[PDB]
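One structure is given below, encoded as structure tokens.
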Amino acid sequence: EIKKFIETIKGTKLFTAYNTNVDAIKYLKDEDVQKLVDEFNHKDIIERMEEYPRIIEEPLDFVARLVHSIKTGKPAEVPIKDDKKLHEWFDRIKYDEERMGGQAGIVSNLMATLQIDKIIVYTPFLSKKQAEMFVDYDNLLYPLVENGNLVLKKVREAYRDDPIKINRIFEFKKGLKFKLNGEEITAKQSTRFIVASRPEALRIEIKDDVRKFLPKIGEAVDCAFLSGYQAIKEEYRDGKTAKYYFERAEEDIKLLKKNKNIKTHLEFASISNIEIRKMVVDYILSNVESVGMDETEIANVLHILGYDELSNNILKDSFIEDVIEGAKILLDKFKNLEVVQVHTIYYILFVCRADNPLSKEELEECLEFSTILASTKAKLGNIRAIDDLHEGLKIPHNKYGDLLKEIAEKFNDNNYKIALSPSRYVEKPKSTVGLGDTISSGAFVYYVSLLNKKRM
Ligand SMILES: Nc1ncnc2c1c(I)cn2[C@@H]1O[C@H](CO)[C@@H](O)[C@H]1O
Ligand SMILES: OC[C@H]1O[C@H](O)[C@H](O)[C@@H](O)[C@@H]1O
Ligand SMILES: [Mg+2]
């Protein structure tokens, strides 16, 4: 059964862009949080939470948004300003581990670990330290231009004297507790709060040298997993703007498809700036075949598209019926879209049109594979070998499963195909960062694999 999953994906080839970084991870304990809040007047924390800062300019902004994430039990990603004083305050924190971060980095590593035929990863900065966090696999490749020719080089050997990007990941578990202004706050969910660096010099783009060869890169692969748009700023000091990078990124997608119509996937993320979030919808979502979102992310998209009541209902009640309705709206709105994927702590869902070449059972097989990856990663923290997948396979489907599945399954009809795999939930997960990327990329690569297998 693991064998069979691995065989099925082996011939699939993947391009991924644009974001790789170091994720410096802190596993928060009660006392770590208590110490963070005790550095401030508890009243100042409550007042700053009322303001809801969407960018971290001083440590109090961080503490406010972290408490908010713990209290609501919801993940968030919030950018920092680049100043020294703030950067240094964050360095005094003792991190427990460093690992590959960023969608394109995590997905690359996963697919190298799973031993698919080829992975081509692009990111603009590739320092030695960064490159050496990639998995050692001869067919995990980075595109270089040498004497006017495209060279695909093993990523770990392709490094140069580039700067390094570091994001800071604050992981907490269900049951974590602390006191703020007399109130004991207890985490009801295990999740993570991300402090996002957006270094001025690091652009979400393919640089001109490589960009000339995007069509050839597309022909070399079967599909593309794209993300990183979440770090685009409205303005750069050199006068470039979000619009410039978004127009360019939309064109990247057409260039990739120019000589081969590969499947492309957008992975959404928590995007603090609502103007950037809108641009991801307008420029990227409109041009891809697959989209991966959590529940909050689909609500956010729906709100951008003017479906305010449905989006707020999703946020409020998380009814699977409402999520499905939202997915259908996306399918109806975006003709290029073939599959809408939503993942929550309870399930992963695919919504497709009836005309999709895959059957409902084949869609299910994609999701069942993906859930094994995600639960393995939740248990161990990392998927280091194919053999690790036996961990995920031991964990049973969560107790809401038959029920969620039953509800969703009734929306299969003449117009739409729906598949749902309940999560295989682990009470005390080692970590949560990258679980979505793991599930989304697994499901998508499996989907592409089954399409191509059927086409022959
Ligand atoms: N504690 C956990 N234990 C096992 N699996 C987990 C989690 C959590 I937190 C999330 N997930 C799985 O990751 C996917 C992305 O949220 C979800 O869809 C889900 O499959
Ligand atoms: O999916 C997890 C990744 O996604 C995010 O968008 C973060 O920027 C990155 O730090 C993290 O590794
Ligand atoms: Mg995600």
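Note that ligands are numbered from 1 as they come in the structure, with each ligand's atoms numbered from 1 the same way. Numbering starts at 1 and runs along the sequence shown. Just the heavy atoms: all of them, side chains too, but no hydrogens, waters or symmetry mates, feed the values below.
- Here the CD1 atom belonging to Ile106 is positioned 6.5 Å from the CD atom belonging to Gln103, to the nearest 0.5 angstrom.
- Checking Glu295 against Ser318 by side-chain atom types alone, a donor-acceptor pair falls below 3.5 Å.
- Ring pair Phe170/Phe62 is tilted by interplanar angle, where 30° to 60° counts as tilted.
- Under the 3.5 Å distance criterion, with hydrogens and angles disregarded, no donor-acceptor pair is assigned to the side chains of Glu1 and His390.
- Side-chain atoms of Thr371 and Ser421 include a donor-acceptor pair closer than 3.5 Å.
- Remark: aromatic rings of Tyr229 and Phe268 are distant, center separation not under 6.0 Å.
- Contact shell of ligand 2 (protein heavy atoms, cutoff 4.0 Å): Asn21, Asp23, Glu77, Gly101, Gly102, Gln103, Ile106, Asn167, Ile169, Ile194, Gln230, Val433, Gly434, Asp437.
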In a table with atom names and distances, give each donor-acceptor pair under 3.5 Å that connects a side chain of residues 274-291 to protein atoms at least two apart or in another chain.
| unit_1 | atom_1 | unit_2 | atom_2 | d |
| --- | --- | --- | --- | --- |
| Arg277 | NE | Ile271 | O | 3.1 |
| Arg277 | NH2 | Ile271 | O | 2.7 |
| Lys278 | NZ | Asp282 | OD2 | 3.1 |
| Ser286 | OG | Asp282 | O | 2.9 |
| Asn287 | ND2 | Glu250 | OE2 | 2.9 |
| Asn287 | ND2 | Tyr283 | O | 2.9 |
| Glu289 | OE1 | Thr264 | N | 2.7 |
| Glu289 | OE1 | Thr264 | OG1 | 2.8 |
| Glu289 | OE2 | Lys257 | NZ | 2.8 |
| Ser290 | OG | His265 | ND1 | 2.7 |

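- Ring geometry for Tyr446 against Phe369 counts as tilted: the plane angle lies between 30° and 60°, on a 0 to 90° scale.
- Sorted by first and then second residue, the salt bridge (charged side-chain N to carboxylate O under 4.0 Å, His left out) pairs with a member in residues 394-403 read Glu391-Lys394; sequence neighbours excluded.
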May I have every N or O pair linking ligand 1 to the protein at under 3.5 Å, one per line with atom names and distance?
| unit_1 | atom_1 | unit_2 | atom_2 | d |
| --- | --- | --- | --- | --- |
| ligand 1 | 1 (N) | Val426 | O | 2.9 |
| ligand 1 | 3 (N) | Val426 | N | 3.1 |
| ligand 1 | 18 (O) | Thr344 | O | 2.7 |

